[PDB]
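In what follows, a single structure is set out as structure tokens and then discussed.
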Amino acid sequence: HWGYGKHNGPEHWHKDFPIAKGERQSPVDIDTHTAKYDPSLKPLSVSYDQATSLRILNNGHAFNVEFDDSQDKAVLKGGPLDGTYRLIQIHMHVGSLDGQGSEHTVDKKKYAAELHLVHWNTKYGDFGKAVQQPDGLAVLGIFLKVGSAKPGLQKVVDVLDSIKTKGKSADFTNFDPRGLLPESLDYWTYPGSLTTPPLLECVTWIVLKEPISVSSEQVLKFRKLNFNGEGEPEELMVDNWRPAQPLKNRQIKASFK
Ligand SMILES: [Cu+2]
């Protein structure tokens, strides 16, 4: 199996999933001084108006909000993308200390957490088929930094008690993901992979420059989930992040100067 522990952590993943040592693995450190600004990139289009959330679940790796992706309700397009990408899931990578938690780093700096809004290319029929394509997924990464409480996240915060342990799930309809975005849509983009097994290199990464803020109380609560199942020794779901991987010969582009 796999996890974030000493014996099944990121350093062990390559034995079950050889692609862990591939050419386009994620996350990566974003060196703001070498990223290439590209004014040819069309603007990032986020259309979450009729988004329809379904459930929130603790799969032992993170909390996950699942959406109905049977139609073009909550979609992502524009930016470096060709076609339409449907939102299917949102989860969070969180640290144990405010100075760590994010998967992507900026000039080596790590944020307290990182939200990943996963979308898949509609020209592929469904998510399962999409992950098998180099351009099958588009994942929006949003950093979290301590500040004023974030209303959009309080919705999640308010339900955490119900999904404390691995396998627990709860109804999570009428959740508006628009509430998870910072003011600016400026971003960095590069070709990468899923950051948890199977680690398929099928995603176009779009990492927002502006982190959203969350209150200390909110962050504390997001660290109260468990990796373990109910009844087993309690293992706090903290530091469920994969460290930065070798960029190799990939170019990180910026949508802003
Ligand atoms: Cu993720």
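Position 1 is the first residue of the sequence; numbering continues from there. Both ligands and their constituent atoms are indexed starting at 1 by order of listing. Values below: every heavy atom of this structure, side chains too, minus hydrogens, waters and symmetry copies.
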(request) Apply side chain to side chain contact (heavy atoms under 4.5 Å, CB included) to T122 and list each qualifying residue two or more places apart in sequence or on a separate chain. (result) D72, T84, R86
(request) Apply side-chain hydrogen bond (donor to acceptor under 3.5 Å, both in side chains) to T105 and list each qualifying residue two or more places apart in sequence or on a separate chain. (result) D29
(message) I'd like to verify the contacts: list protein N, O or S atoms under a distance of 2.8 Å from the Cu ion (ligand 1).
(response) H91 NE2, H93 NE2, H116 ND1
(message) Pairing donors with acceptors under 3.5 angstrom, does anything connect the side chains of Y111 and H93?
(response) no
(message) Tell me every residue that passes salt bridge (charged side-chain N to carboxylate O under 4.0 Å, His left out) with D31, counting only those two or more places apart in sequence or in another chain.
(response) none
(request) Determine, using ring centers only, whether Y187 and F256 are less than 6.0 Å apart. (result) no
(request) Assert yes or no for the condition that the ring centre distance of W205 to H116 is strictly below 6.0 Å. (result) yes
